[PDB]
>>> print(open('query25.pdb').read())   # PDB, C-alpha atoms and all ligand atoms
MODEL        1
ATOM      1  CA  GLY A 696     -63.259 191.573  38.941
ATOM      2  CA  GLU A 697     -60.201 190.719  36.859
ATOM      3  CA  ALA A 698     -58.895 187.260  35.959
ATOM      4  CA  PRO A 699     -56.118 185.477  37.892
ATOM      5  CA  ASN A 700     -52.595 185.329  36.432
ATOM      6  CA  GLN A 701     -51.781 181.666  37.042
ATOM      7  CA  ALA A 702     -48.310 181.833  35.468
ATOM      8  CA  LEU A 703     -45.461 180.573  37.658
ATOM      9  CA  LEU A 704     -41.760 181.277  38.104
ATOM     10  CA  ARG A 705     -39.159 178.516  38.086
ATOM     11  CA  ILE A 706     -36.991 179.268  41.097
ATOM     12  CA  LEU A 707     -33.733 177.518  40.277
ATOM     13  CA  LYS A 708     -30.343 176.753  41.776
ATOM     14  CA  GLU A 709     -27.009 178.553  41.373
ATOM     15  CA  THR A 710     -24.819 175.436  41.121
ATOM     16  CA  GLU A 711     -26.331 174.745  37.718
ATOM     17  CA  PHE A 712     -25.381 177.870  35.726
ATOM     18  CA  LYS A 713     -21.896 179.131  34.958
ATOM     19  CA  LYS A 714     -21.574 182.777  33.920
ATOM     20  CA  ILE A 715     -19.121 183.389  31.057
ATOM     21  CA  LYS A 716     -18.805 187.126  30.344
ATOM     22  CA  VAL A 717     -20.614 190.429  30.859
ATOM     23  CA  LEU A 718     -22.759 191.464  27.892
ATOM     24  CA  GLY A 719     -24.115 194.789  29.116
ATOM     25  CA  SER A 720     -22.991 197.095  31.900
ATOM     26  CA  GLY A 721     -24.268 200.181  33.686
ATOM     27  CA  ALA A 722     -24.461 201.650  37.174
ATOM     28  CA  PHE A 723     -27.927 200.097  37.118
ATOM     29  CA  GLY A 724     -27.081 196.902  35.239
ATOM     30  CA  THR A 725     -24.499 194.123  35.205
ATOM     31  CA  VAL A 726     -25.900 191.411  32.931
ATOM     32  CA  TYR A 727     -23.853 188.313  32.068
ATOM     33  CA  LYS A 728     -23.751 185.674  29.358
ATOM     34  CA  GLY A 729     -23.695 182.218  30.925
ATOM     35  CA  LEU A 730     -24.428 178.617  30.132
ATOM     36  CA  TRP A 731     -26.894 176.830  32.311
ATOM     37  CA  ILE A 732     -26.666 173.204  33.312
ATOM     38  CA  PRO A 733     -30.150 172.188  34.342
ATOM     39  CA  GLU A 734     -29.568 169.857  37.264
ATOM     40  CA  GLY A 735     -29.888 166.161  36.460
ATOM     41  CA  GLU A 736     -31.033 166.342  32.851
ATOM     42  CA  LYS A 737     -28.777 165.731  29.866
ATOM     43  CA  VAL A 738     -29.270 169.139  28.275
ATOM     44  CA  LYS A 739     -27.189 172.296  28.135
ATOM     45  CA  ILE A 740     -28.677 175.680  27.291
ATOM     46  CA  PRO A 741     -27.118 179.132  26.994
ATOM     47  CA  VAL A 742     -28.563 181.983  28.998
ATOM     48  CA  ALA A 743     -28.128 185.555  30.198
ATOM     49  CA  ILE A 744     -27.896 186.434  33.907
ATOM     50  CA  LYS A 745     -28.620 189.810  35.507
ATOM     51  CA  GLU A 746     -27.307 190.838  38.884
ATOM     52  CA  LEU A 747     -26.780 193.802  41.195
ATOM     53  CA  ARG A 748     -24.350 194.443  44.037
ATOM     54  CA  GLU A 749     -24.762 192.237  47.089
ATOM     55  CA  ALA A 750     -27.780 193.132  49.085
ATOM     56  CA  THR A 751     -26.465 195.769  51.396
ATOM     57  CA  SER A 752     -29.900 197.323  51.032
ATOM     58  CA  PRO A 753     -33.173 195.408  51.074
ATOM     59  CA  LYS A 754     -34.879 198.173  49.128
ATOM     60  CA  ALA A 755     -32.415 197.036  46.477
ATOM     61  CA  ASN A 756     -33.633 193.448  46.803
ATOM     62  CA  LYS A 757     -37.224 194.648  46.518
ATOM     63  CA  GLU A 758     -36.626 196.608  43.309
ATOM     64  CA  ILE A 759     -35.064 193.602  41.564
ATOM     65  CA  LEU A 760     -37.888 191.323  42.725
ATOM     66  CA  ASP A 761     -40.394 193.788  41.293
ATOM     67  CA  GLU A 762     -38.799 193.395  37.863
ATOM     68  CA  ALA A 763     -38.922 189.604  38.172
ATOM     69  CA  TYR A 764     -42.659 189.796  38.914
ATOM     70  CA  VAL A 765     -43.632 191.995  35.951
ATOM     71  CA  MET A 766     -41.360 190.204  33.494
ATOM     72  CA  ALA A 767     -42.927 187.055  34.874
ATOM     73  CA  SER A 768     -46.485 188.256  34.414
ATOM     74  CA  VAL A 769     -46.405 188.513  30.642
ATOM     75  CA  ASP A 770     -46.202 184.830  29.641
ATOM     76  CA  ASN A 771     -49.913 185.143  29.964
ATOM     77  CA  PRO A 772     -51.144 183.904  26.618
ATOM     78  CA  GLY A 773     -47.660 184.919  25.655
ATOM     79  CA  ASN A 774     -46.119 186.775  22.771
ATOM     80  CA  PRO A 775     -43.608 186.165  19.983
ATOM     81  CA  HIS A 776     -42.201 189.654  20.308
ATOM     82  CA  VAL A 777     -41.906 189.847  24.056
ATOM     83  CA  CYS A 778     -39.096 188.391  26.178
ATOM     84  CA  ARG A 779     -39.990 185.751  28.757
ATOM     85  CA  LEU A 780     -38.454 185.392  32.199
ATOM     86  CA  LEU A 781     -36.938 181.918  32.475
ATOM     87  CA  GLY A 782     -35.967 181.679  36.141
ATOM     88  CA  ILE A 783     -34.480 183.237  39.276
ATOM     89  CA  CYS A 784     -31.838 182.335  41.862
ATOM     90  CA  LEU A 785     -31.372 183.654  45.376
ATOM     91  CA  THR A 786     -28.102 184.835  46.818
ATOM     92  CA  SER A 787     -26.936 187.750  48.841
ATOM     93  CA  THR A 788     -27.522 189.264  45.455
ATOM     94  CA  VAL A 789     -30.727 188.303  43.658
ATOM     95  CA  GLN A 790     -30.289 186.839  40.199
ATOM     96  CA  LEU A 791     -32.606 187.036  37.201
ATOM     97  CA  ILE A 792     -32.305 184.330  34.565
ATOM     98  CA  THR A 793     -33.430 185.271  31.042
ATOM     99  CA  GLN A 794     -33.204 183.088  27.935
ATOM    100  CA  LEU A 795     -30.288 184.505  25.927
ATOM    101  CA  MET A 796     -30.665 186.179  22.537
ATOM    102  CA  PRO A 797     -27.444 185.560  20.521
ATOM    103  CA  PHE A 798     -27.101 188.758  18.476
ATOM    104  CA  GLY A 799     -27.536 190.864  21.602
ATOM    105  CA  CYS A 800     -29.223 194.187  22.096
ATOM    106  CA  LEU A 801     -30.447 195.419  18.702
ATOM    107  CA  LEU A 802     -28.704 198.802  19.065
ATOM    108  CA  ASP A 803     -25.243 197.240  18.833
ATOM    109  CA  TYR A 804     -26.279 195.056  15.876
ATOM    110  CA  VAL A 805     -27.202 198.154  13.888
ATOM    111  CA  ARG A 806     -23.925 199.919  14.684
ATOM    112  CA  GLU A 807     -21.753 196.985  13.576
ATOM    113  CA  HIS A 808     -23.937 195.674  10.741
ATOM    114  CA  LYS A 809     -24.630 199.019   9.060
ATOM    115  CA  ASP A 810     -23.479 197.480   5.809
ATOM    116  CA  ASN A 811     -25.699 194.639   4.606
ATOM    117  CA  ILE A 812     -28.601 196.027   6.602
ATOM    118  CA  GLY A 813     -31.795 195.987   4.585
ATOM    119  CA  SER A 814     -34.217 198.736   3.688
ATOM    120  CA  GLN A 815     -36.637 195.897   4.380
ATOM    121  CA  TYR A 816     -35.416 194.889   7.848
ATOM    122  CA  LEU A 817     -35.580 198.348   9.366
ATOM    123  CA  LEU A 818     -39.158 198.680   8.313
ATOM    124  CA  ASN A 819     -39.858 195.129   9.397
ATOM    125  CA  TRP A 820     -38.551 195.704  12.884
ATOM    126  CA  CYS A 821     -40.653 198.746  13.560
ATOM    127  CA  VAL A 822     -43.614 196.580  12.928
ATOM    128  CA  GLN A 823     -42.057 194.074  15.246
ATOM    129  CA  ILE A 824     -41.740 196.520  18.106
ATOM    130  CA  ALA A 825     -45.113 198.090  17.410
ATOM    131  CA  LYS A 826     -46.590 194.596  17.645
ATOM    132  CA  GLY A 827     -44.694 193.959  20.871
ATOM    133  CA  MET A 828     -45.519 197.279  22.525
ATOM    134  CA  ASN A 829     -49.211 196.935  21.764
ATOM    135  CA  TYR A 830     -49.225 193.633  23.606
ATOM    136  CA  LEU A 831     -47.873 195.502  26.580
ATOM    137  CA  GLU A 832     -50.608 198.107  26.159
ATOM    138  CA  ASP A 833     -53.175 195.337  26.024
ATOM    139  CA  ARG A 834     -51.835 194.155  29.349
ATOM    140  CA  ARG A 835     -52.281 197.560  30.897
ATOM    141  CA  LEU A 836     -48.589 197.885  31.470
ATOM    142  CA  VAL A 837     -46.213 200.631  30.426
ATOM    143  CA  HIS A 838     -42.692 199.500  29.666
ATOM    144  CA  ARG A 839     -41.440 202.933  30.448
ATOM    145  CA  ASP A 840     -37.901 202.285  29.299
ATOM    146  CA  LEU A 841     -38.212 201.496  25.622
ATOM    147  CA  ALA A 842     -34.993 202.204  23.812
ATOM    148  CA  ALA A 843     -32.668 200.730  21.252
ATOM    149  CA  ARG A 844     -30.556 199.036  23.887
ATOM    150  CA  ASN A 845     -33.606 197.325  25.257
ATOM    151  CA  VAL A 846     -34.592 195.504  22.093
ATOM    152  CA  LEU A 847     -33.025 192.055  21.649
ATOM    153  CA  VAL A 848     -32.312 190.079  18.477
ATOM    154  CA  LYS A 849     -33.229 186.406  18.398
ATOM    155  CA  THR A 850     -32.693 186.336  14.644
ATOM    156  CA  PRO A 851     -32.249 189.202  12.130
ATOM    157  CA  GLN A 852     -35.909 188.552  11.253
ATOM    158  CA  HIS A 853     -37.048 188.479  14.882
ATOM    159  CA  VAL A 854     -36.664 191.069  17.602
ATOM    160  CA  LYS A 855     -37.880 191.276  21.184
ATOM    161  CA  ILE A 856     -38.384 193.738  24.043
ATOM    162  CA  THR A 857     -36.731 193.602  27.484
ATOM    163  CA  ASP A 858     -35.644 195.259  30.720
ATOM    164  CA  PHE A 859     -38.946 195.987  32.388
ATOM    165  CA  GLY A 860     -37.248 197.057  35.592
ATOM    166  CA  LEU A 861     -38.445 200.640  35.461
ATOM    167  CA  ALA A 862     -41.751 199.525  34.048
ATOM    168  CA  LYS A 863     -44.898 199.534  36.176
ATOM    169  CA  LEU A 864     -48.015 197.400  35.725
ATOM    170  CA  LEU A 865     -51.370 199.185  35.717
ATOM    171  CA  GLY A 866     -54.668 198.545  37.499
ATOM    172  CA  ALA A 867     -57.948 199.289  35.718
ATOM    173  CA  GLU A 868     -58.826 202.934  35.478
ATOM    174  CA  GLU A 869     -55.563 204.117  36.914
ATOM    175  CA  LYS A 870     -54.941 205.891  33.623
ATOM    176  CA  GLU A 871     -51.615 207.471  34.606
ATOM    177  CA  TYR A 872     -48.734 206.815  37.006
ATOM    178  CA  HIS A 873     -46.590 209.413  38.749
ATOM    179  CA  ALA A 874     -43.454 208.451  40.594
ATOM    180  CA  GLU A 875     -40.541 210.060  42.413
ATOM    181  CA  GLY A 876     -37.562 208.398  40.765
ATOM    182  CA  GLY A 877     -33.843 208.901  41.240
ATOM    183  CA  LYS A 878     -32.625 207.703  37.852
ATOM    184  CA  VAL A 879     -34.425 207.565  34.507
ATOM    185  CA  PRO A 880     -33.404 207.618  30.827
ATOM    186  CA  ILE A 881     -34.060 211.336  30.214
ATOM    187  CA  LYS A 882     -33.412 211.537  26.457
ATOM    188  CA  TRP A 883     -35.996 208.850  25.629
ATOM    189  CA  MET A 884     -38.787 210.453  27.666
ATOM    190  CA  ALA A 885     -41.847 212.537  26.832
ATOM    191  CA  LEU A 886     -42.024 216.184  27.879
ATOM    192  CA  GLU A 887     -44.715 215.688  30.534
ATOM    193  CA  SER A 888     -42.745 212.708  31.819
ATOM    194  CA  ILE A 889     -39.735 214.946  32.407
ATOM    195  CA  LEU A 890     -41.664 217.920  33.772
ATOM    196  CA  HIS A 891     -44.531 216.411  35.776
ATOM    197  CA  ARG A 892     -43.008 212.974  36.432
ATOM    198  CA  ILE A 893     -46.114 211.409  34.883
ATOM    199  CA  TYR A 894     -45.992 208.275  32.733
ATOM    200  CA  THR A 895     -48.704 207.179  30.314
ATOM    201  CA  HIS A 896     -49.122 204.721  27.452
ATOM    202  CA  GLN A 897     -48.517 207.657  25.115
ATOM    203  CA  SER A 898     -45.388 208.420  27.104
ATOM    204  CA  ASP A 899     -44.141 205.093  25.746
ATOM    205  CA  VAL A 900     -45.107 206.067  22.209
ATOM    206  CA  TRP A 901     -42.605 208.929  22.515
ATOM    207  CA  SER A 902     -39.759 206.594  23.455
ATOM    208  CA  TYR A 903     -40.748 204.499  20.443
ATOM    209  CA  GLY A 904     -40.210 207.553  18.261
ATOM    210  CA  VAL A 905     -36.715 208.124  19.609
ATOM    211  CA  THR A 906     -36.018 204.404  19.274
ATOM    212  CA  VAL A 907     -36.885 204.342  15.569
ATOM    213  CA  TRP A 908     -34.767 207.464  15.160
ATOM    214  CA  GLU A 909     -31.879 205.508  16.699
ATOM    215  CA  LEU A 910     -32.561 202.716  14.214
ATOM    216  CA  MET A 911     -32.865 204.988  11.183
ATOM    217  CA  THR A 912     -29.702 206.866  12.161
ATOM    218  CA  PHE A 913     -27.933 203.508  12.515
ATOM    219  CA  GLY A 914     -27.291 203.695  16.246
ATOM    220  CA  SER A 915     -26.376 207.356  16.523
ATOM    221  CA  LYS A 916     -26.579 209.002  19.939
ATOM    222  CA  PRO A 917     -29.785 210.976  20.516
ATOM    223  CA  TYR A 918     -28.572 214.586  20.760
ATOM    224  CA  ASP A 919     -24.852 214.153  20.060
ATOM    225  CA  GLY A 920     -23.045 216.007  22.835
ATOM    226  CA  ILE A 921     -25.847 217.624  24.830
ATOM    227  CA  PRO A 922     -26.004 217.552  28.656
ATOM    228  CA  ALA A 923     -28.945 215.831  30.358
ATOM    229  CA  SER A 924     -30.044 218.841  32.412
ATOM    230  CA  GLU A 925     -30.569 221.131  29.408
ATOM    231  CA  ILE A 926     -32.920 218.727  27.614
ATOM    232  CA  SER A 927     -36.081 219.500  29.605
ATOM    233  CA  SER A 928     -35.715 223.157  28.638
ATOM    234  CA  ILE A 929     -34.906 222.869  24.923
ATOM    235  CA  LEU A 930     -37.828 220.613  23.970
ATOM    236  CA  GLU A 931     -40.406 223.246  24.931
ATOM    237  CA  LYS A 932     -38.618 225.585  22.520
ATOM    238  CA  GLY A 933     -39.867 223.135  19.908
ATOM    239  CA  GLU A 934     -36.649 221.454  18.807
ATOM    240  CA  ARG A 935     -36.682 217.719  18.084
ATOM    241  CA  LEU A 936     -34.333 215.110  16.629
ATOM    242  CA  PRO A 937     -33.176 216.055  13.106
ATOM    243  CA  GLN A 938     -34.345 214.131  10.068
ATOM    244  CA  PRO A 939     -32.301 210.973   9.626
ATOM    245  CA  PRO A 940     -30.518 211.147   6.229
ATOM    246  CA  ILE A 941     -32.085 207.975   4.816
ATOM    247  CA  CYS A 942     -35.736 208.606   5.728
ATOM    248  CA  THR A 943     -38.316 209.470   3.120
ATOM    249  CA  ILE A 944     -40.492 212.377   4.253
ATOM    250  CA  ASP A 945     -43.359 209.958   4.982
ATOM    251  CA  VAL A 946     -41.413 208.036   7.622
ATOM    252  CA  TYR A 947     -40.109 211.195   9.317
ATOM    253  CA  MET A 948     -43.674 212.489   9.754
ATOM    254  CA  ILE A 949     -44.438 209.390  11.828
ATOM    255  CA  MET A 950     -41.355 210.036  13.970
ATOM    256  CA  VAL A 951     -42.379 213.665  14.495
ATOM    257  CA  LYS A 952     -45.969 212.667  15.310
ATOM    258  CA  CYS A 953     -44.650 210.656  18.281
ATOM    259  CA  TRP A 954     -43.121 213.828  19.705
ATOM    260  CA  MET A 955     -46.224 215.997  19.841
ATOM    261  CA  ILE A 956     -46.687 217.898  23.093
ATOM    262  CA  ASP A 957     -50.341 216.879  23.268
ATOM    263  CA  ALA A 958     -50.126 213.285  24.505
ATOM    264  CA  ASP A 959     -53.331 212.442  22.626
ATOM    265  CA  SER A 960     -52.164 213.881  19.310
ATOM    266  CA  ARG A 961     -49.548 211.108  19.157
ATOM    267  CA  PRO A 962     -50.310 207.894  17.294
ATOM    268  CA  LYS A 963     -51.505 204.867  19.251
ATOM    269  CA  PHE A 964     -49.718 201.544  18.779
ATOM    270  CA  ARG A 965     -52.225 199.823  16.479
ATOM    271  CA  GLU A 966     -51.867 202.824  14.169
ATOM    272  CA  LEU A 967     -48.085 202.358  14.096
ATOM    273  CA  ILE A 968     -48.434 198.671  13.217
ATOM    274  CA  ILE A 969     -50.718 199.387  10.268
ATOM    275  CA  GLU A 970     -48.626 202.304   8.965
ATOM    276  CA  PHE A 971     -45.331 200.397   9.001
ATOM    277  CA  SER A 972     -46.867 197.180   7.724
ATOM    278  CA  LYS A 973     -48.158 199.179   4.759
ATOM    279  CA  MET A 974     -44.727 200.634   4.115
ATOM    280  CA  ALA A 975     -43.158 197.211   4.481
ATOM    281  CA  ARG A 976     -44.691 195.875   1.299
ATOM    282  CA  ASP A 977     -42.749 198.457  -0.707
ATOM    283  CA  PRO A 978     -39.742 199.430   1.396
ATOM    284  CA  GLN A 979     -37.646 200.804  -1.431
ATOM    285  CA  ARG A 980     -40.204 203.533  -1.878
ATOM    286  CA  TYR A 981     -40.100 204.561   1.780
ATOM    287  CA  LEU A 982     -36.388 204.174   2.566
ATOM    288  CA  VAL A 983     -33.445 205.269   0.469
ATOM    289  CA  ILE A 984     -30.471 203.103   1.373
ATOM    290  CA  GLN A 985     -27.543 203.100  -0.980
ATOM    291  CA  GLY A 986     -27.201 199.752  -2.677
ATOM    292  CA  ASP A 987     -30.232 198.475  -0.836
ATOM    293  CA  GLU A 988     -30.830 195.720  -3.359
ATOM    294  CA  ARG A 989     -28.725 192.628  -2.727
ATOM    295  CA  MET A 990     -27.928 193.217   0.964
ATOM    296  CA  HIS A 991     -26.171 190.422   2.821
ATOM    297  CA  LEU A 992     -28.193 189.481   5.903
ATOM    298  CA  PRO A 993     -28.923 185.753   6.392
ATOM    299  CA  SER A 994     -32.486 184.268   6.024
ATOM    300  CA  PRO A 995     -32.280 180.669   7.357
ATOM    301  CA  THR A 996     -30.331 181.370  10.578
ATOM    302  CA  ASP A 997     -27.041 179.820   9.295
ATOM    303  CA  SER A 998     -24.063 179.544  11.600
ATOM    304  CA  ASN A 999     -23.120 182.224  14.105
ATOM    305  CA  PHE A1000     -20.981 179.851  16.124
ATOM    306  CA  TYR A1001     -17.735 181.794  16.214
ATOM    307  CA  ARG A1002     -17.218 183.917  19.303
TER     308      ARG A1002
HETATM  309  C1  LIG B1101     -26.707 196.143  24.912
HETATM  310  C2  LIG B1101     -26.324 195.017  25.886
HETATM  311  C3  LIG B1101     -27.292 193.855  26.008
HETATM  312  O1  LIG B1101     -28.404 194.099  26.375
HETATM  313  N1  LIG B1101     -26.871 192.489  25.681
HETATM  314  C4  LIG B1101     -27.754 191.312  25.784
HETATM  315  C5  LIG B1101     -27.574 190.186  24.925
HETATM  316  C6  LIG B1101     -28.419 189.082  25.031
HETATM  317  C7  LIG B1101     -29.485 189.061  26.007
HETATM  318  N2  LIG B1101     -30.329 187.973  26.123
HETATM  319  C8  LIG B1101     -31.313 187.963  27.034
HETATM  320  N3  LIG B1101     -31.507 189.053  27.877
HETATM  321  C9  LIG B1101     -30.717 190.136  27.811
HETATM  322  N4  LIG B1101     -30.912 191.285  28.695
HETATM  323  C10 LIG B1101     -31.475 191.162  30.031
HETATM  324  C11 LIG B1101     -32.219 192.191  30.581
HETATM  325  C12 LIG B1101     -32.763 192.062  31.870
HETATM  326  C13 LIG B1101     -32.542 190.890  32.601
HETATM  327  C14 LIG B1101     -31.793 189.872  32.058
HETATM  328 BR1  LIG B1101     -31.462 188.241  33.025
HETATM  329  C15 LIG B1101     -31.253 190.001  30.773
HETATM  330  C16 LIG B1101     -29.658 190.158  26.838
HETATM  331  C17 LIG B1101     -28.800 191.286  26.737
ENDMDL
END
>>> encode(input="query25.pdb", output="structure tokens")
Amino acid sequence: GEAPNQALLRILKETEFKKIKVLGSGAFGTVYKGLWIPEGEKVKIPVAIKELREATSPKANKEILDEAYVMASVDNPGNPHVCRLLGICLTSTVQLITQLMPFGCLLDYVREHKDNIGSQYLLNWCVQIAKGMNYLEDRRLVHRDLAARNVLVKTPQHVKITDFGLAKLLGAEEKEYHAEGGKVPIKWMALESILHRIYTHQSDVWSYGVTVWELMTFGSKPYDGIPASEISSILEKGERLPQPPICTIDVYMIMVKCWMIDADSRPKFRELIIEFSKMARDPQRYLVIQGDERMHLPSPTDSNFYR
């Protein structure tokens, strides 16, 4: 049958890392920033730690361990654009240890660095995610949570994907997955995903569309001031996210194409890579950003030391 995934997980001790501050927070997530002191060795490395409330419920300890597995599984050959699980520690709570990305979740970076953002970078990233998401498709896994918050920034030239926790790995055949889930990110989901609770690879392509919309709108909220319950009902009326002000009509078409009701009529990921790569060569043509020429952002990775 299929090949064995020989990749391992470094199960490592608590005494060695010291958590500094909380980077991201949610009812589902409480992820820290914390330096790690690796036992005996004379090295110190920064890292991010993710934890949930102490294990009153085992089902809780199972769900977190599931995420550790899948995140673990991808080192595989490995990818430049996909985040790698570093380690794990065991405590009444169960801790995930992920190599920290300095600039944080990409969504925030766009909201604060709206100025000096390039017409180039935005196009470049979409290629970056489209590259990353295809690798997931190749692995027969659906991330199932793609969103702006879930893309990390190693450098302004490099971005990565993360937070698999919802995501579910796929066996051969096994084209689609249906699950009874308590909490999901409704706004970033496909119509069939909301109605039938069915998740596909093309379900992910939808979320991609909303994600790029978030990027092109500079970190605006999808559907500014609209309740979560109503959303399932309005989309079948045909309404989608409005055109972002800065998008040339070519780009918007690609965003709209990701929101087709027919799951097959949406673009596949290889298609998205090629389209955006083609745009990338001449960004000015495909993105009108005021004063785009001369934008500030820093090529060599010069100092970001200040906290
Ligand atoms: C929007 C908040 C946020 O995600 N901040 C942030 C900054 C830097 C990171 N570096 C590495 N990983 C993560 N997120 C993450 C997700 C799941 C599990 C773990 Br241990 C870490 C961040 C997140």
>>> residues_around(input="query25.pdb", residues="residue 964 (chain A)", least_positions_apart="2", cutoff="12 Å", atoms="all atoms listed in the file", output="VMD selection string")
chain A and resid 821 to 833 896 to 901 903 to 904 949 953 961 to 962 966 to 971
>>> resolve_selection(input="query25.pdb", expression="the PyMOL selection byres (((not hetatm)) within 8 of (chain B and resi 1101))", output="count of residues only")
36
>>> atom_distance(input="query25.pdb", atom1="CA of residue 875 (chain A)", atom2="CA of residue 842 (chain A)")
20.9 Å
>>> closest_residue(input="query25.pdb", among="A:755, A:921, A:785, A:817", to="residue 984 (chain A)", atoms="all atoms listed in the file")
A:817
>>> atom_distance(input="query25.pdb", atom1="CA of residue 871 (chain A)", atom2="CA of residue 838 (chain A)")
12.9 Å
>>> closest_residue(input="query25.pdb", among="A:880, A:996, A:782, A:947", to="residue 850 (chain A)", atoms="all atoms listed in the file")
A:996
>>> atom_distance(input="query25.pdb", atom1="CA of residue 909 (chain A)", atom2="CA of residue 883 (chain A)")
10.4 Å
>>> build_atoms(input="query25.pdb", residues="region 957-973 of chain A", atoms="N, CA and C atoms", output="PDB file, in the coordinates of the input")
ATOM      1  N   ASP A 957     -49.066 217.479  22.894  1.00  0.00           N
ATOM      2  CA  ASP A 957     -50.341 216.879  23.268  1.00  0.00           C
ATOM      3  C   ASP A 957     -50.240 215.356  23.220  1.00  0.00           C
ATOM      4  N   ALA A 958     -50.321 214.727  24.389  1.00  0.00           N
ATOM      5  CA  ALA A 958     -50.126 213.285  24.505  1.00  0.00           C
ATOM      6  C   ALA A 958     -51.140 212.483  23.688  1.00  0.00           C
ATOM      7  N   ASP A 959     -52.276 213.102  23.384  1.00  0.00           N
ATOM      8  CA  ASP A 959     -53.331 212.442  22.626  1.00  0.00           C
ATOM      9  C   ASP A 959     -53.112 212.576  21.124  1.00  0.00           C
ATOM     10  N   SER A 960     -52.408 213.629  20.724  1.00  0.00           N
ATOM     11  CA  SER A 960     -52.164 213.881  19.310  1.00  0.00           C
ATOM     12  C   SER A 960     -51.106 212.935  18.744  1.00  0.00           C
ATOM     13  N   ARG A 961     -50.479 212.143  19.604  1.00  0.00           N
ATOM     14  CA  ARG A 961     -49.548 211.108  19.157  1.00  0.00           C
ATOM     15  C   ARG A 961     -50.292 209.885  18.684  1.00  0.00           C
ATOM     16  N   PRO A 962     -49.680 209.122  17.796  1.00  0.00           N
ATOM     17  CA  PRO A 962     -50.310 207.894  17.294  1.00  0.00           C
ATOM     18  C   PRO A 962     -50.363 206.808  18.359  1.00  0.00           C
ATOM     19  N   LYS A 963     -51.435 206.026  18.372  1.00  0.00           N
ATOM     20  CA  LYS A 963     -51.505 204.867  19.251  1.00  0.00           C
ATOM     21  C   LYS A 963     -50.759 203.721  18.577  1.00  0.00           C
ATOM     22  N   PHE A 964     -50.580 202.611  19.284  1.00  0.00           N
ATOM     23  CA  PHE A 964     -49.718 201.544  18.779  1.00  0.00           C
ATOM     24  C   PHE A 964     -50.282 200.749  17.603  1.00  0.00           C
ATOM     25  N   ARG A 965     -51.595 200.541  17.583  1.00  0.00           N
ATOM     26  CA  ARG A 965     -52.225 199.823  16.479  1.00  0.00           C
ATOM     27  C   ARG A 965     -52.008 200.599  15.184  1.00  0.00           C
ATOM     28  N   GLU A 966     -52.087 201.922  15.294  1.00  0.00           N
ATOM     29  CA  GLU A 966     -51.867 202.824  14.169  1.00  0.00           C
ATOM     30  C   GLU A 966     -50.464 202.632  13.601  1.00  0.00           C
ATOM     31  N   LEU A 967     -49.479 202.550  14.491  1.00  0.00           N
ATOM     32  CA  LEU A 967     -48.085 202.358  14.096  1.00  0.00           C
ATOM     33  C   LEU A 967     -47.846 201.027  13.394  1.00  0.00           C
ATOM     34  N   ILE A 968     -48.552 199.989  13.833  1.00  0.00           N
ATOM     35  CA  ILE A 968     -48.434 198.671  13.217  1.00  0.00           C
ATOM     36  C   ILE A 968     -48.912 198.715  11.775  1.00  0.00           C
ATOM     37  N   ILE A 969     -50.096 199.285  11.582  1.00  0.00           N
ATOM     38  CA  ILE A 969     -50.718 199.387  10.268  1.00  0.00           C
ATOM     39  C   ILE A 969     -49.907 200.255   9.302  1.00  0.00           C
ATOM     40  N   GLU A 970     -49.436 201.403   9.785  1.00  0.00           N
ATOM     41  CA  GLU A 970     -48.626 202.304   8.965  1.00  0.00           C
ATOM     42  C   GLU A 970     -47.372 201.601   8.449  1.00  0.00           C
ATOM     43  N   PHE A 971     -46.593 201.036   9.364  1.00  0.00           N
ATOM     44  CA  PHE A 971     -45.331 200.397   9.001  1.00  0.00           C
ATOM     45  C   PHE A 971     -45.506 199.089   8.228  1.00  0.00           C
ATOM     46  N   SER A 972     -46.586 198.376   8.489  1.00  0.00           N
ATOM     47  CA  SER A 972     -46.867 197.180   7.724  1.00  0.00           C
ATOM     48  C   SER A 972     -47.113 197.576   6.276  1.00  0.00           C
ATOM     49  N   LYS A 973     -47.836 198.673   6.088  1.00  0.00           N
ATOM     50  CA  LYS A 973     -48.158 199.179   4.759  1.00  0.00           C
ATOM     51  C   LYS A 973     -46.921 199.608   3.998  1.00  0.00           C
TER      52      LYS A 973
END
